[PDB]
Amino acid sequence: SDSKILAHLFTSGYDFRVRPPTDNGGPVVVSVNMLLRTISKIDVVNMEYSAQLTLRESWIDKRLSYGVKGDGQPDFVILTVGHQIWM
Amino acid sequence: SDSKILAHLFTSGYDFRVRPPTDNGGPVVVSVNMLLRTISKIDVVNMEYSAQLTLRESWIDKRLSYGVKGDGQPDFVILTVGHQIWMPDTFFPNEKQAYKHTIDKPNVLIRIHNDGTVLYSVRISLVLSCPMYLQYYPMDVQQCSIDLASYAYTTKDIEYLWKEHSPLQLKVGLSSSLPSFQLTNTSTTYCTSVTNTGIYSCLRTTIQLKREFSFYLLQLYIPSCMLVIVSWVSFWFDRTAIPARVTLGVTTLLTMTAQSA
Amino acid sequence: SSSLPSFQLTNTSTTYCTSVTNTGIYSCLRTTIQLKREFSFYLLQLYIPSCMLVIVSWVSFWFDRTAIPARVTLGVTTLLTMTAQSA
Amino acid sequence: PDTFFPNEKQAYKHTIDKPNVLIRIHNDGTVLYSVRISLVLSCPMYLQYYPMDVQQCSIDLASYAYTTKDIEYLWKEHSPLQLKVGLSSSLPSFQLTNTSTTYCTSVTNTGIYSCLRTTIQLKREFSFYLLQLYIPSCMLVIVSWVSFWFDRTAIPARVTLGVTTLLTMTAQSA
Amino acid sequence: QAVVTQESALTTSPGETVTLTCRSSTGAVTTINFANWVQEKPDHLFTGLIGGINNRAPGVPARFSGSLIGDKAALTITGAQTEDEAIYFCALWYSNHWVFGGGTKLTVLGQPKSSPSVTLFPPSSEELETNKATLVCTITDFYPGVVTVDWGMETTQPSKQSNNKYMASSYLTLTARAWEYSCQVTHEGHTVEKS
Amino acid sequence: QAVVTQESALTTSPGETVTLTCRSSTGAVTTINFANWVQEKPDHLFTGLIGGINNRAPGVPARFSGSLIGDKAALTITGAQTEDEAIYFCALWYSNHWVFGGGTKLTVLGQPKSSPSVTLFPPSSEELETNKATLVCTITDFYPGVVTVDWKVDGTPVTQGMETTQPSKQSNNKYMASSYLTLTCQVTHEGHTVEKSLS
Amino acid sequence: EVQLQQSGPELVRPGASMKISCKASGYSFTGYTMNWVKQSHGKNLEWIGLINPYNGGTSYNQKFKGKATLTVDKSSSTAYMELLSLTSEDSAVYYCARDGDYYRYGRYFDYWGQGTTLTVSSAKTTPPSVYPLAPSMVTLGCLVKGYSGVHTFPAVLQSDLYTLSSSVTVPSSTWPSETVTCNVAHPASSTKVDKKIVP
Amino acid sequence: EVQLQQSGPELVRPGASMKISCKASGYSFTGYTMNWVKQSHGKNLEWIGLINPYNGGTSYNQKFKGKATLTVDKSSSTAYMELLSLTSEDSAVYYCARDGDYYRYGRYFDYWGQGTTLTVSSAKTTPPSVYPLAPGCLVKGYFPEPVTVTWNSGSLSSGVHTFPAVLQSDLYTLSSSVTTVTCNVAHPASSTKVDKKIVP
Ligand SMILES: CC[C@H](C)[C@H]1O[C@]2(CC[C@@H]1C)C[C@@H]1C[C@@H](C/C=C(\C)[C@@H](O[C@H]3C[C@H](OC)[C@@H](O[C@H]4C[C@H](OC)[C@@H](O)[C@H](C)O4)[C@H](C)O3)[C@@H](C)/C=C/C=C3\CO[C@@H]4[C@H](O)C(C)=C[C@@H](C(=O)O1)[C@]34O)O2
Ligand SMILES: CC[C@H](C)[C@H]1O[C@]2(CC[C@@H]1C)C[C@@H]1C[C@@H](C/C=C(\C)[C@@H](O[C@H]3C[C@H](OC)[C@@H](O[C@H]4C[C@H](OC)[C@@H](O)[C@H](C)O4)[C@H](C)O3)[C@@H](C)/C=C/C=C3\CO[C@@H]4[C@H](O)C(C)=C[C@@H](C(=O)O1)[C@]34O)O2
Ligand SMILES: CC[C@H](C)[C@H]1O[C@]2(CC[C@@H]1C)C[C@@H]1C[C@@H](C/C=C(\C)[C@@H](O[C@H]3C[C@H](OC)[C@@H](O[C@H]4C[C@H](OC)[C@@H](O)[C@H](C)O4)[C@H](C)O3)[C@@H](C)/C=C/C=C3\CO[C@@H]4[C@H](O)C(C)=C[C@@H](C(=O)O1)[C@]34O)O2
Ligand SMILES: [Cl-]
């Protein structure tokens with residue numbers, strides 16, 4: 001199922017080096033979420049601080065759509081190792 | 001034999017990217033064992049501590065079963081280099097830094113039992129964050145934890161459970177490499193949480209560290225009493241020789257400051 | 175906040191920092207945290223002990239003007255200590 | 088052999104230019120393997136006699152995946168542990184008095200693993216503690232005595248001595 | 001899909017030890033089912049008892065205890081009490097959601113048992129005229145409040170009376186043409206039946 | 001599979017030097033066999049002597065010593081003592097488990113050799129009524145206590161239905177034993204044999 | 001003591017959508033995640049979904065994906081549930097049940113609310129259609152449709183309307199020798215009918 | 001001084017399972033790993049397996065994989081051994097032997113226990129059938157042990173040899189020789214004290 005859906009997406013001609021297409025030629029819009037886990041070692045002498053966070057990026061890549069409307073298929077498929085994607 | 005058994009398993013169509021199948025579609029259950037080797041560098045300023053442990057994961061992957069009932073074949077075959085296998089993408093949520101040991105051959109072990117049961121063992125050095133509370137600082141107890149959980153797989157695909165018997169073990173030479181504290185108690189718990197990306201299964205081991213007092217007795221309390229007591233021996237000098245009294249009272253006060261600093 | 179003992183993370187903001195450079199115009203986000211320095215430490219390690227130090231220099235106003243050795247010993251020790259503390 | 092160092096906290100192989108390894112395959116099938124390795128090992132120390140103590144630090148070597156049925160370690164028969172000539176000279180603070188070569192095979196939950204253990208014995212050099220601790224403290228105690236020879240009327244002199252030597256004593260210990 | 005099964009009802013006296021069971025249709029109840037037990041007192045009062053791994057809700061009496069007896073989840077009340085009389089739902093966790101059971105109606109005995117007084121009424125002429133036929137099988141004076149009607162049908166939920174013997178009514182719906194019959198009530202043993 | 005072999009029995013006088021050997025069937029005893037030696041005094045008293053690489057148990061006398069003479073494990077008692085008289089088992093380590101030998105019965109001679117007194121009884125007519133036949137062959141007054149019991153029925157040697165007891169110290173510091181046969196008696200000792208038959 | 005107080009009962013027409021609340025008090029609201037359970041006459045208890053107050057995060061039962069929308073208002077310590085495209089099947093009692101663990105998911109229930117009764121109906125006032133029923144002591148029945171021994175049983179829901187009967191045991195000697203009748207009133211319809219029970 | 005004291009002797013019917021103990025004292029119990037050795041009449045000594053008290057870890061002889069289950073109770077310094085599906089072949093003496101090294105496996109034996117004798121027989125309490133041995149006595153088919161024998165009601169006590177008992181039919185059987202004359206047998210397990218005269 002999932003492994004098959006992934007296979008279908010990359011069996012065709014897909015280039016992770018090519019930016020995702022847009023309807024009006026506009027730019028790829030990347031929505032960003034950010035989760036701070038810890039903020040530590042606030043150095044006043046060197047004026048810097050450390051921080052560990054979780055970056056969360058979300059964009060649309062029509063080339064990767066498999067279910068489209070779906071409603072018969074899994075909402076999302078987890079990308080497994082060995083499949084390149086424009087990021 | 002072993003090399004042949006391995007060959008048989010991977011000659012067919014096997015995908016290390018595909019989660020192991022289940023009988024009821026349930027999640028892959030990963031049993032976890034944890035062996036603490038050393039707990040060191042307990043930083044109170046940055047509130048973190050280091051620790052080297054051996055992670056031990058065990059799940060079932062029917063696709064990997066070769067002997068099945070076996071009893072004619074080897075109980076388990078050691079997984080050799082060059083054979084990929086689906087593994088729980090576990091990470092340590094409260095880890096700030098982490099290293100695997102790779103001196104000579106990498107320090108890992110993977111066994112594929114005949115029934116498809118997989119054993120995974122790996123040495124890992126960690127630097128974990130441990131928020132500390134110094135309200136009773138000289139005589140306090142801190143509780144530091146190690147959190148373990150899957151990163152990509154949610155509650156429907158992978159579920160962690162502590163091994164049934166002795167989930168957390170300590171190496172014999174652990175307390176001896178930990179001079180400043182006394183590892184009084186340990187606990188093994190679950191920390192599964194519901195996030196914005198889904199519900200993720202999570203384990204949490206906890207050690208309880210009691211701060212050794214002998215140091216603070218000798219370097220803080222004793223010398224302060226000895227310092228206060230000196231300020232009293234000026235009550236026995238004649239009230240006419242004030243220079244002596246001030247010299248005492250002031251030197252003991254100044255020293256007090258330094259000590260606290 | 176529990177792993178951040180020395181400060182208090184009072185406010186956070188989410189903003190844009192897109193800029194025009196020599197290689198082009200690049201889109202850019204910027205999150206900002208506001209850190210308020212905890213005072214309890216500076217109260218106990220700086221202010222309190224300095225008042226306690228200044229106040230000591232006053233108890234020499236109550237020694238007879240004939241016993242100057244006592245006054246100098248106080249005034250000088252408190253001044254020297256003041257220096258060390260600041261250092 | 089997938090050997091690792093059980094009590095190693097950090098470890099590096101040397102790879103400057105060509106990697107620092109050597110593998111020989113003798114005609115009979117005997118293999119020789121030689122590699123430089125830098126280690127940071129944990130060595131629990133006991134400071135009961137701190138100024139004049141001896142510590143014993145060890146290096147443990149054992150297989151990680153292979154159990155007792157597949158791989159067994161044994162120290163070379165002749166001179167299993169050797170020291171380079173310029174070792175004691177790069178170790179100024181201690182004196183490497185004794186070394187031993189032993190086995191530490193243990194039975195774990197994953198099986199019985201073969202294990203070697205070399206041990207060096209470090210004797211702490213005393214000259215430093217003689218000059219920086221003992222001598223100066225005697226010289227400090229002796230000064231507190233020269234106030235027994237001042238007239239009992241001049242107490243300011245006695246207190247100045249007794250207190251300064253006591254305060255200094257504190258600092259030194261700190 | 002998956003479905004959870006419980007005893008329709010159980011009976012026990014004050015001080016005894018009763019055990020409710022929760023059965024999974026897909027297989028044996030394992031730890032990853034996180035068997036939960038919920039209690040429902042009269043007037044829609046729900047509260048949790050056991051759940052998760054081996055934890056319990058705040059205040060849950062010591063007599064309540066969970067286990068995995070055989071291949072299903074169990075809830076054992078050691079030393080049943082009067083107030084312990086309620087409806088107990090168990091919930092199993094299947095992958096990403098909860099599935100509740102039918103619930104078990106635990107009765108802690110207080111009054112002597114009573115057989116159900118049944119009476120089966122035929123469809124009157126007014127209904128026949130309407131072209132819709134209705135049957136009524138009224139059940140009065142029984143204890144505890146557990147009866148099972150067996151003949161389109163639709164029986165009402167047990168409701169106590171003035172004499173503390175729960176009562177209920179059964180409705181078998183038909184059409185006048187289909188009309189052109195017997196009700197049997199099985200109550201904790203024998204089976205009263207009338208045609 | 002693999003089998004460990006030892007001398008059935010050995011003899012030595014107080015002060016002499018005796019050597020027990022332990023043989024591996026798969027090949028020569030190497031260091032990875034961790035040849036162990038265990039002693040069994042009368043009344044089931046086991047204690048270890050040697051084992052592992054080249055270590056010994058707490059208290060094991062200095063006269064005991066291990067080695068790999070030839071291609072098998074050895075246990076040499078230099079200056080045998082009276083109390084040293086016992087049964088010695090050697091155990092070899094094969095990959096993941098121990099395999100014990102038959103054990104060697106070391107006798108420290110404090111008594112003159114004594115040939116066995118073999119008596120063979122005929123199955124009493126009494127027990128024949130039970131439709132069963134049992135031949136008894138009592139062996140007494142021998143030393144050292146190590147006899148081999150072989151039966152024969154009409155020339156041919158008995159292969160099934162035989163059971164002999166382990167030699168046991170009797171009153172006079174000599175050993176005794178019994179041997180039964182099952183239906184519906197030569198004894199080897201120190202070299203010579205004693206036969207008692209009946210028609 | 002912790003308390004979860006849910007909004008009052010609601011009556012809404014099909015196609016519309018209403019939102020019930022669950023005001024929490026007596027605990028750190030943002031520390032425990034909230035469940036929503038649906039108890040309908042037709043079926044058992046159903047688990048709708050859950051929301052983590054602190055996190056905003058939600059997880060729905062596939063069944064109610066798109067039917068319910070869990071939200072939370074931190075300021076007022078209230079949990080809300082939207083119900084869209086309401087229909088007949090949505091007529092039930094909706095409980096909210098807190099999770100057991102403190103700032104982590106424990107998968108076990110603590111405290112529930114008193115429940116909120118939601119009625120989704122599209123039928124206007126209708127007069128009760130009364131049909132008499134009849135077969143020591145003889146029991147007589149009276150049937151109300153589509154709206170000593172006095173036993174009125176619960177009211178079902180037949181075809182988007184209600185229906186209950188009424189038993190009444192009396193000495194057989196008072197029937198039909200005496201007129202047994204049953205009064206059927208209905209305030210909302212302003213209609214009272216009588217049906218004489220005849221043999 | 002170190003000591004390993006094992007549980008008493010046990011008699012159990014086939015199909016059942018019993019557990020023998022080995023209480024250690026006189027040393028840090030958790031520092032030395034324990035072996036279990038089986039000494040049966042039929043064969044030599046067999047090595048069952050070993051357990052590391054400190055670690056919980058175990059390692060069984062392939063032969064006893066599933067027959068024995070080694071465990072340990074740190075609090076009481078005791079090592080236990082379970083024996084499942086007991087049969088005739090399990091009738092033996094089970095010793096426990098400590099390993100030599102301190103907090104490490106040395107592969108050499110220190111101290112053993114006094115041993116535990118396990119008897120697995122579905123046999124019924126049976127009195128001895130005594131037959132005369134003329135050119148000795150023959151206590152036959154008696155269970156359970158022991159049995160005692162005298163000559164001439166105790167008189168003739170010189171030159172009497174009572175031989176070890178044997179398990180020939182699942183029932184013990186021993187004889188006793190000597191150098201009128203009658204032998205007296207006294208089975209205490211069934212209160213059977215039969216005498217048989219010795220005639221030509
Ligand atoms: C006695 C204190 C008064 C104030 C005296 O202080 C002075 C002089 C003035 C007073 C009379 C000065 C003081 C030393 C003491 C003399 C003390 C010793 C010679 C030793 O200790 C004694 C007492 C000690 O038990 C308090 C006892 O340990 C027992 C009992 C304990 O349980 C109560 C138990 O835990 C323990 C395990 O076993 C011990 C065996 O023997 C010696 C150990 C003390 C060393 C002190 C110091 C070493 O470095 C510290 C630092 O560099 C500093 C700034 C000051 C020093 C000091 O404080 O110096 C210092 O803290 O005398
Ligand atoms: C009182 C100050 C004058 C100068 C006195 O100083 C001395 C003697 C001379 C003067 C009379 C010396 C001074 C201590 C004080 C006595 C103080 C205490 C015993 C404690 O504190 C008091 C007051 C404090 O509130 C100022 C109060 O906290 C409240 C109110 C605060 O809000 C205003 C609020 O934030 C807080 C949360 O709750 C507290 C409960 O109780 C004690 C806590 C003080 C310890 C002081 C020190 C500890 O290590 C410091 C360092 O090692 C050093 C060099 C000097 C010490 C010192 O400075 O020693 C030191 O800074 O007396
Ligand atoms: C003599 C001690 C008394 C207390 C005197 O102290 C003072 C004055 C008061 C007392 C009379 C002060 C003291 C110095 C001494 C004078 C000492 C020297 C000029 C030198 O040393 C002497 C003696 C020394 O042998 C003790 C001897 O080495 C021999 C014998 C040794 O075997 C016993 C053997 O190991 C060695 C290999 O060969 C040496 C050749 O010559 C000089 C080396 C001393 C330096 C001292 C110090 C240097 O930095 C230290 C620190 O910064 C400090 C805080 C105090 C200093 C001090 O302690 O100063 C200090 O520790 O006098
Ligand atoms: Cl000064």
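Chains Y, F, V, Z, R, P, D and E, in that order, are what the protein sequence lines are.
With the first letter of the first sequence counted as 1, position 55 gets the number 55 in the deposited numbering; the numbers rise by one all the way through.
With the first letter of the second sequence counted as 1, position 85 gets the number 85 in the deposited numbering; the numbers rise by one all the way through.
All you need for the deposited numbering is the position in the third sequence, starting with 1, plus 174.
All you need for the deposited numbering is the position in the fourth sequence, starting with 1, plus 87.
For the fifth sequence, the residue numbers in the deposited numbering are 1 to 151, 161 to 189, 194 to 208.
For the sixth sequence, the residue numbers in the deposited numbering are 1 to 184, 196 to 210.
For the seventh sequence, the residue numbers in the deposited numbering are 1 to 135, 143 to 154, 170 to 221.
For the eighth sequence, the residue numbers in the deposited numbering are 1 to 135, 148 to 191, 201 to 221.
We put the CB at the ideal spot given by N, CA and C, even for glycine.
*asked:* Closer than 7 Å to a non-hydrogen atom of ligand 4 - does that hold for the CB of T251(Z)?
replied: yes
*Nearest to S117(R) by CA position, among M144(D), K74(D), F109(D), is which residue?*
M144(D)
*Hey, how far is the Cα of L84(E) from the Cα of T189(Z)?*
39 Å
*So with Cβ pairs under 8 Å, would you call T11(Y) a contact of chain F?*
no
*Please confirm whether any heavy atom of ligand 3 lies closer than 7 Å to the CB of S260(Z).*
no
_Interface residues of chain Y facing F215(V) [CB-CB closer than 9 Å]_ = Residues of chain Y passing the Cβ test: none, with the nearest at roughly 13 Å.
*For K41(R), does the three-state DSSP call read helix, strand or coil?*
strand
*Excluding sequence positions up to five away, which residues of its chain have a Cβ less than 8 Å from the Cβ of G171(D)?*
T146, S189, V190, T191, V192
*Taking residue 223(D) as the query, report the chain F residues whose CB atoms sit under 7 Å from its CB, ordered along the chain.*
What the structure shows of chain D is the stretch from 1 to 221, and residue 223(D) is not part of that stretch, so it cannot be assessed.
*Report buried or exposed for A97(D), applying the criterion of at least 16 other Cβ atoms within 10 angstroms of its Cβ.*
buried
*Which value, in whole angstroms, describes the spacing of the CA atoms of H173(D) and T82(R)?*
27 Å
*Compare the beta carbon distance of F109(E) and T126(E) with 8 Å and say whether it is the shorter of the two.*
no
*Interface positions of the segment 179 to 211 of chain V facing chain Y (Cβ-Cβ less than 9 Å), listed along the chain*: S180, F181, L183, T186, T188, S201, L203, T205, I207, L209
*How many angstroms separate the CA atom of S212(E) from the CA atom of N96(P)?*
49 Å
*Please list the partners that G148(E) has in chain P, where partner means a Cβ-to-Cβ separation under 7 Å.*
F121, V136, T138
*asked:* Between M226(F) and chain V, is any beta-carbon pair separated by less than 8 Å?
replied: no
*Residue(s) in a DSSP beta bridge with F89(R)*: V38(R)
*Nearest to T247(Z) by alpha carbon, out of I5(F), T192(F), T247(F)?*
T247(F)
*Using a Cβ-Cβ cut-off of 7 Å (strictly less than) and excluding sequence neighbours within five positions of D90(D), which residues of its own chain qualify?*
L83, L118, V120
*Compute the distance between the beta-carbons of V4(P) and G101(P), then report whether it is under 8 Å.*
yes
*asked:* For the beta strand (DSSP E) containing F121(R), name the first residue and the last one.
replied: 117 to 121
*Run the CB neighbour count on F92(Z), radius 10 Å, all protein chains shown included, and call it buried at 16 or more, exposed below.*
buried
*Shell residues, 5 Å Cβ cut-off relative to heavy atoms of ligand 3*: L218(Z), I222(Z), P223(Z), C225(Z), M226(Z)
*Can you tell me the Cα-Cα spacing of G249(V) and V45(F), whole angstroms?*
35 Å
*Looking at the C-beta of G57(E), does it have a partner C-beta in chain Z at a distance below 8 Å?*
yes
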